[PDB]
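> Experimental structure and its sequence below.
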Protein chains: 2
Amino acid sequence: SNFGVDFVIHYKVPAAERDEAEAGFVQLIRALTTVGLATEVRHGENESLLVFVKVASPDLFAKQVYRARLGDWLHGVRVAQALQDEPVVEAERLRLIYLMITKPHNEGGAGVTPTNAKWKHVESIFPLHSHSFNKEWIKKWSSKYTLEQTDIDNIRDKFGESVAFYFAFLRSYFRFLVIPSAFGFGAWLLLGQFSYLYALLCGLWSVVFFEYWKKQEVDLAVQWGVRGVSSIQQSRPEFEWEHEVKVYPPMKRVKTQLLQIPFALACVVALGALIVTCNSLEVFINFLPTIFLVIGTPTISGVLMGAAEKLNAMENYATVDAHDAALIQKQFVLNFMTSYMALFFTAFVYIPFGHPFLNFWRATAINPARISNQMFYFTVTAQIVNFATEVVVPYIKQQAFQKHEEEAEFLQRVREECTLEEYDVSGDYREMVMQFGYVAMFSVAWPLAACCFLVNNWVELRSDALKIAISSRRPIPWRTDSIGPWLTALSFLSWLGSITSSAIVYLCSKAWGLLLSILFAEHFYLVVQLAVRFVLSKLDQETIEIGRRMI
Amino acid sequence: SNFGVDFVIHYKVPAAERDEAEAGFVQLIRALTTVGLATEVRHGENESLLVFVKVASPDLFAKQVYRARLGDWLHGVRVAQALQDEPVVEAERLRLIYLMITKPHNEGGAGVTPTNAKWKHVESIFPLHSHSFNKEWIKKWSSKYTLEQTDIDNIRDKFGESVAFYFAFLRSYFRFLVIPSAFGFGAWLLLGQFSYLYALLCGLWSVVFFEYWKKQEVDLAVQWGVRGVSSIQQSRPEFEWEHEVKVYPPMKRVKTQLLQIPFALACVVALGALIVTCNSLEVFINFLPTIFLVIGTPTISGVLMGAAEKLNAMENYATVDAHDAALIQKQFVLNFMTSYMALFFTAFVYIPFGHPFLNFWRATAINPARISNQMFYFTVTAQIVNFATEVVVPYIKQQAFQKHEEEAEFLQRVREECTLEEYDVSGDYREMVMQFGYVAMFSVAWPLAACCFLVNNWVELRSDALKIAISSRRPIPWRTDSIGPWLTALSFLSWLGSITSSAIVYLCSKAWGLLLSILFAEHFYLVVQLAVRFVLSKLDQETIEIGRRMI
Ligand SMILES: [Ca+2]
Ligand SMILES: [Ca+2]
Ligand SMILES: [Ca+2]
Ligand SMILES: [Ca+2]
């Protein structure tokens, strides 16, 4: 197993800055020595000096643990000799050590942030995996049909909170996806296609699932003693300041943030042109559109994400949560557009009325079922893509790239692990949110399709684990209360689905009827939401003589 | 001034139960003597024995005050020697004395509840007014154009919390009513009648007023140290029990509460028949309808309120707040029906299409302006009624009914005051809520009418005070956090107004256009509410050598 190493620092050494590299190495060693953490130095591949750091003095660690617990007590998160009663878990120990490493000098730490400070040579600080535990976990989850709370608790203990919430949310989603599968099978087998009742049941299911997930999330947050952690604020190391606490004028912030609308219009035009020309080519040729979209989506998605990340970096945010919220909002907008605008133009444009490009295409040289059949590919193809780029090809690429002195195996393992990319949990949230959006606003067109989604989830709950198991390094533990801003996205998708399902039902099978159907669907959704929200709250002497003398 | 009397008990003595009356008198005297409160007995009119009770031992009162403060501290409401730092106010002293008088034996008091227990002879426990302070207050409020926070604070100190919230809410309503007056004057002078823009501004004003009132209510509640008082529960003395804490099966509760729908249908039919026959008589005769409605409204309102109160009494509620909420809900439903159904049938029935009663009326022997002109009377007449039954005629009736031994004036004052009816604050809330509903959902028909409402408020803020000043006895002080369930009624009225204003505008000046207008108005209202809610939230060694040896 591991040699007890608790953290590893890369500290690549450029050739042109040898004196600067030595000075930084000396400064880092001194800073790590003052805080009382034992360190060791070994060899490293590609002009790197891997250094291993672990805690040495138990008294200092216990004092830090007590101080952190008292600080949690002050802020209301939590309501020596107490360590035995409440044992230290690996996640909180790693979090405290990392915070001690990152915290600046003013707060008792030694700030070694790799970007803002003069420490321009360090690039990564990551822990080490437990191969035996990883193998045991993979074997255990591969022989169980359902997952109990013990497995989620073990994941929380060994990895933190964000991973635990992600897995709990995915498990709850898979558990409640069975009902839409049953209703879709029933509707497709008996009712047929474009059933209003199926749309109403889909809306009700979305509402009840969202409310129950909120309740279960609150329950889980209060169970683990983490509820209320989002109340406090964490200072972003990269947050610039211009005057004395650090202050930044809102004028620059709003001026930077108003730049988004140009980019939004530009991406709208860029995606719409491609969508309309693909549709024109398809209606002229009546395999090319599916292949073209499959090839084109990742190339444009990568550049869009890079541009969004750069734009968010240009903006200045005080706390980390605000920056993450902005990034998630931009990511959700871009992904929703690029994953739903094609279906929107195929449904609400092609069907109601069907030339300015058709004539040009002809000079170069209205089947209602188009919504259904295409959707088939638009699920299945996508599914296989989600099982092609995500899992097999990263491992193949890693293997191709891969293809004293008494512990060479450990050094080789560490060197291989260092080059691995850091895991981000936001992508899986995005994928699950888009799955829920598909189910909410488009399952009416193909009631059976929802069933297939269920199967995919039963793989994802394991497959993502494999992604953490091998194809990624151990993420830094963190504390969180909620999944994040994804609740707003889920609510918006549910409302949009309630609007869109009725319109799809009416159009696939004049104007005043459509308006009445939309109004009825929206009001029914609102009433059901109100009723479910109301119901779920209840689940949990002289005086005597004078009185006589009155007569 | 007063002789220091802190509470008065009536204790009427029926002739047929003289022995029982004497036994009850003795028991009450003993119970009041055990708790340590000094008592005195004097004469009383109409076979009554008025008894005056006041606190005697300062140590017991201070201990009770400290115990109550500690109990508040335990429940989170509040965050000897401390009494000097925080002086006792008259309201809290009266509340503590009344609680000591009412609390049963198990909790250290002497329960003298006049209804449930064997104490079947007592009927009232009321304090005494301060005539000099009342005159000074009336004179002060009659010479000021606007009211500062000091007057509201003084009212809170001298009367409690419910009166303070009522006056603050009425003042805020009067302050924000000026903007709709200005917009209505502008629309009537220039735009004309049935303006869509005026309806949109009315909706926006309603939304912003509701949100700002919620924020100001939270601020006021946290300012006076009362916020969170609604969290605790108060046991209702009349709550029956069937098994052992007291428990009551929900089966009886739901069986009793399902009886309401019969009554709702019965009152719907009863009011609708009268409304339709009055409308038929009016359209046949084209002064009788206005006079008939004015005479008929109080007679049917009284019996409806009596029936609702009896029905609520039949139901069993655990806590007092739930019973009050049910009573307010029934009162609001009945009053809204009886005050809006006439206008609803005049607007949404008479105009769109105009016999089954007309032919019968003929055998017995569509002007769009009807909405406007009638509304004139439907305001002004109502206003004069609100200034006829409320103020002048109660005083006239009281004067007509009205028309040792060294303090006969005090005894006469007490005897006159005892017969006065206890003040209820819910009626003024109901009236203000109905005024706001009129402004929200019908000001578009007559933009100028809102202006008149403003004037009425400038009288009510004083007139209601006069009602407390003379025509009523001092209410028992109480502690409350919010105005009550009236917030839900206000929100519902605002939403209904947003729906109704657009429909009125479209109808007074085909179907698909009406549906589109309704949809646009509702969505604009929702978007404005979301934006305002979002905005208002932001208002607030070896290691060195190895490194060198690497080269
Ligand atoms: Ca997948
Ligand atoms: Ca994934
Ligand atoms: Ca009045
Ligand atoms: Ca009044």
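Noted; the coordinates are in hand. Numbers count the residues shown, from 1 in each chain, chains lettered A, B, ... in the order given. Ligands and ions are numbered 1, 2, ... in the order given.

> Every contact and neighbour count from this point should use C-alpha atoms.
Will do.

> mind listing what the spatially closest residue to residue A:50 that is not a sequence neighbour touches?
Distances taken as CA to CA, 6 or more residues apart in numbering or on different chains place residue A:10 nearest to residue A:50, at 4.7 Å, with adjacent residues excluded. Neighbouring residues of residue A:10 by CA atoms under 8 Å, 6 or more residues apart in numbering or on different chains: A:48-51, A:122-125, A:418.

> need the contact list for the closest residue to chain B within chain A.
Closest to chain B within chain A is residue A:512: 4.6 Å, counting by CA to the nearest CA. Going by CA under 8 Å, 6+ apart, residue A:512 touches B:511-512, B:515.

> just residue A:64 next, same as before
Contact analysis of residue A:64 by CA under 8 Å, 6+ apart lists residue A:96.

> That one looks like it's in a helix, true?
Yes - assessed with DSSP: H, G, I helix; E, B strand; the rest coil, residue A:64 lies in a helix.

> how close does it get to residue A:345?
Residue A:64 sits 58 Å away from residue A:345, going by CA to CA, to the nearest Å.

> cool, and residue A:398?
39 Å.

> now residue A:395
The gap separating residue A:395 from residue A:345 is 37 Å, by CA to CA.

> and what of residue A:424?
Distance, residue A:424 to residue A:345, using CA to CA: 32 Å.

> do residue A:118 as well
In terms of CA to CA, residue A:118 sits 52 Å off from residue A:345.

> who has more neighbours, the two?
Neighbours were counted for residue A:118 and for residue A:345 using other CA atoms under 10 Å in any protein chain shown; residue A:345 has more, 15 against 11.

> Can you name the residues that contact the more buried one?
Not one residue lies near residue A:345 by CA under 8 Å, 6+ apart.

> Three-state assignment for it, please.
Look at residue A:345: counting by three-state DSSP, its state is helix.

> I'd assumed residue A:433 was in contact with residue A:490.
Yes - taking contacts as CA atoms under 8 Å, residue A:490 lies within contact range of residue A:433: 6.8 Å.

> Which parts of chain A are strands?
Taking DSSP state E as the test, the strands found in chain A are A:7-9, A:37-41, A:51-55, A:125-126.

> Is it possible to get TSV of those strands that adds mean neighbour count?
Shown next, in TSV, are the strands of chain A (neighbours: other CA atoms under 10 Å in any protein chain shown):
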stretch	mean neighbour count
strand A:7-9	20
strand A:37-41	16
strand A:51-55	18
strand A:125-126	19
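
> do you know which of those strands lies nearest residue A:313?
Residue A:313 sits nearest to strand A:125-126 of all the strands of chain A, at 21.3 Å, using CA to CA.

> by contact count, what packs against the closest one?
The helices and strands touching strand A:125-126, judged by 3 or more CA pairs under 8 Å, 6 or more residues apart in numbering or on different chains; DSSP states H and E, are strand A:7-9.

> Name the residues that touch the strand it packs on?
A:50-54, A:122-128.

> can you rerun that using 6 Å?
By CA atoms under 6 Å, 6 or more residues apart in numbering or on different chains, the residues outside strand A:7-9 that reach it are A:50-53, A:125-127.

> Going by distance to residue B:143, which of those wins?
For those, the residue nearest residue B:143 by CA to CA is residue A:125; the value is 73.6 Å.

> Now for that closest one: which residues touch it?
Contacts for residue A:125 (CA under 6 Å, 6+ apart) come out as A:8-9.

> can you do 7 Å?
With contact set as CA atoms under 7 Å, 6 or more residues apart in numbering or on different chains, residue A:125 has these partners: A:7-9.

> How about the residue nearest the centre of chain A, nearest residue that isn't a chain neighbour?
Closest residue to the average C-alpha location of chain A: residue A:426 at 2.3 Å, with CA atoms, centre = their mean. Sequence neighbours aside, residue A:328 is the residue nearest to residue A:426 in space, at 7.8 Å (criterion: CA to CA, 6+ apart).

> Determine the number of other residues adjacent to that neighbour.
Using other CA under 10 Å, residue A:328 is surrounded by 20 other residues.

> And it, how far from residue A:145?
As for residue A:328, its distance to residue A:145 is 33 Å (criterion: CA to CA).

> cool, and residue A:55?
Applying CA to CA to residue A:55 and residue A:145 gives a distance of 41 Å.

> what does residue A:112 give?
Where residue A:145 is concerned, residue A:112 sits at a distance of 45 Å (CA to CA).

> can you list the residues of chain A near chain B?
Within reach of chain B by CA under 7 Å from any CA of the partner chain, chain A has these residues: A:511-512, A:515.

> how about TSV for these, with distance to residue A:186 added?
Formatted as TSV, these follow (distance: CA to CA, whole Å):
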residue	distance to residue A:186
A:511	30
A:512	31
A:515	28
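
> Next up, the contacts around residue A:183.
Residue A:183 neighbours (CA under 7 Å, 6+ apart): none.

> ok, now with 10 Å
Residue A:183 makes contacts with A:189, A:197-198, A:201-202, A:447-448, A:450-451, as judged by CA atoms under 10 Å, 6 or more residues apart in numbering or on different chains.

> Quick check: the farthest pair among those?
Every pair of those checked by CA to CA; the farthest is A:197 and A:451, at 17.6 Å.

> Can you pick out the residue with more neighbours from those two?
More neighbours surround residue A:451 than the other of residue A:197 and residue A:451, with 19 against 14 (other CA under 10 Å).

> would you turn the strands of chain A into TSV with distance to residue B:290?
Shown next, in TSV, are these (distance: least, CA to CA, whole Å):
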stretch	distance to residue B:290
strand A:7-9	86
strand A:37-41	90
strand A:51-55	89
strand A:125-126	83
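
> Nearest to residue B:71, out of those?
Closest among these, using CA to CA: strand A:51-55, at 47.3 Å.

> neighbouring strands for the closest one, and are they parallel or not?
strand A:7-9 (antiparallel), strand A:37-41 (antiparallel) (DSSP bridges).
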